[PDB]
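Undergrad: coordinates for the following, if possible.
(one chain, ligands or ions: 2)
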Amino acid sequence: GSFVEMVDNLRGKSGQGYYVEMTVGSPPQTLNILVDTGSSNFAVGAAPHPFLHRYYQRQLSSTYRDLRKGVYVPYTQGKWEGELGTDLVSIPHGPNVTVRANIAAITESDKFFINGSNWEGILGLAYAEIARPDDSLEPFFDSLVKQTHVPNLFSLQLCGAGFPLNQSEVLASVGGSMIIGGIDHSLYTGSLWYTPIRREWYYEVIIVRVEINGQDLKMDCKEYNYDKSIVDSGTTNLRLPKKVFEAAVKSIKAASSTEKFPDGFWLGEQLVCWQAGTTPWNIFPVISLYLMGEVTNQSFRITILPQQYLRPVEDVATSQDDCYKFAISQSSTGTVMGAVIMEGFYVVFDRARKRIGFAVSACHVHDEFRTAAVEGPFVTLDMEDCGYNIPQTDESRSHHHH
Ligand SMILES: CN1C(=O)[C@]2(CC(C)(C)Cc3ccc(-c4cncnc4)cc32)N=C1N
Ligand code: NI
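TA: Numbers count the residues shown, from 1 in each chain. Ligands and ions are numbered 1, 2, ... in the order given. Let me share the structure:
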């Protein structure tokens, strides 16, 4: 349970994703690649772009092979598109292996790259079912496991930022670890608790209960997972279904009522500040998500602090103060346990055993009174089915799966 070479191999800027160094081609071309458990394509910038100072140059690689097939990926925010191919890929601060993987060479995009994020591509770590153009395009991790002796598991320790912040001109730097093929015991303390992967597409899980400062939200538990709940390193926020979001905001507002913030703050569109070092952490409640256990009728809870859901943003004009963005937001596509959740925990994506593990992170931000926690078991007599069944569209139904 030691993977020293892979420790601290993640970097990034607060709110702009965590990236790992990868190489593509022969000889190896280094790129910084966003670690994304909410998508399934390995897609890299492969043409000039205003926000890229470098890109994958297919012509420089002796081992590049064109698949003679394009790929077009629209999404809520924007789109990326390009040409499919294969090449040799390695992770310099990962396993000592080289694999031939599918690579989508991005030739055109809109609102994909982020000015100053310092990453040039995305490593989709989710399953084939959500790959583009379709599930026949083998994802990177599938190729890694098939071609090498790497165990079918990876783990993420995402370490967030905190005041005092170093710089007033740039965003806060973040760090973390992606351990490929194993669990590094130095990255967590206490017990490691597992929740089943409900279905292998996203890393989908089931939330059975939600508490805000130990107060149950008392909703039909299907509401917590409407229309899914997923663990996504490629989302910054904790994102909650509309009804759940509204209930949570009401509870957090009530707990923090000594302070009256503008509506903009609760919408994530405005910062609130306190004089350096005086942030009243204790007026903001803890949030507990109970996840279905491996055993029927069991659950465990992960508990996060305001140090996780209030994101530090240093303002140029207000550099004397500690300022924060509310990082819980409304979803219409289910619960997303993003960086806000993941920064509290060491998270084990145990694909081999179709389960996700959580343990208290050795790097999580906390104070002397409260800590992020992972606690269980909680037993429920005749526990209900909290899973939602997404209505089946005709187009989805028409798909053949040979
Ligand atoms: C929710 N989600 C996305 O919208 C997506 C979809 C994708 C098509 C891969 C394009 C993309 C680009 C940047 C970020 C990003 C991530 N973190 C910070 N800033 C931007 C996230 C994503 N991947 C995920 N998981
Ligand atoms: Ni058929």
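Undergrad: write out the residues of the stretch 201-350 of the chain neighbouring ligand 1.
TA: Residues of the stretch 201-350 of the chain lying close to ligand 1 by C-beta under 6 Å from any ligand atom are 232, 234-236. For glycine as for every other residue, the C-beta is placed from the backbone atoms N, C-alpha and C.
Undergrad: wait, which of those is closest to residue 183?
TA: Nearest to residue 183 among these, counting by C-beta to C-beta, is residue 232 at 20.5 Å.
Undergrad: show me the contacts for the residue nearest to that closest one when sequence neighbours are not counted.
TA: Spatially, and ignoring its direct neighbours in sequence, residue 232 is nearest to residue 38 (3.5 Å; C-beta to C-beta, 6 or more residues apart in numbering). Contact partners of residue 38, counting by C-beta atoms under 8 Å, 6 or more residues apart in numbering, are 124, 126, 202-203, 230, 232-235, 336.
Undergrad: related to what we said a few turns ago, now tabulate the residues of the stretch 201-350 of the chain next to ligand 1 in TSV and tack on secondary structure.
TA: Output for those, formatted as TSV (DSSP: H, G, I helix; E, B strand; the rest coil):
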residue	secondary structure
232	coil
234	coil
235	coil
236	coil
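Undergrad: residue of the stretch 151-300 of the chain with the smallest distance to ligand 1?
TA: residue 234 (2.6 Å; C-beta to the nearest ligand atom).
Undergrad: same question for the stretch 1-150 of the chain.
TA: For the stretch 1-150 of the chain, C-beta to the nearest ligand atom, closest residue to ligand 1: residue 38, 2.7 Å.
Undergrad: A helix includes that residue, no?
TA: No - counting by three-state DSSP, residue 38 is not found in a helix; it is coil.
Undergrad: I'd say residue 165 and residue 315 touch.
TA: No - Residue 165 lies out of contact with residue 315 (C-beta atoms under 8 Å); the separation is 10.1 Å.
Undergrad: the more surrounded of these two?
TA: Using other C-beta atoms under 10 Å, the more surrounded residue of residue 165 and residue 315 is residue 165, with 19 against 13.
Undergrad: check contacts around the more buried one.
TA: 172, 312, 314.
Undergrad: again, 10 Å this time
TA: 14, 171-173, 276, 312-314, 319, 322-323 (C-beta atoms under 10 Å, 6 or more residues apart in numbering).
Undergrad: before we move on, what about residue 307?
TA: So residue 307 contacts 160, 162, 279, 281, 284, 324, 343-344, 364-367, 370-372 (C-beta under 10 Å, 6+ apart).
Undergrad: what two of these are the furthest from one another?
TA: Longest span within the contacts of residue 307, C-beta to C-beta: 324 and 371, 19.4 Å.
Undergrad: okay, these two: which has more neighbours?
TA: residue 324 (21 against 16).
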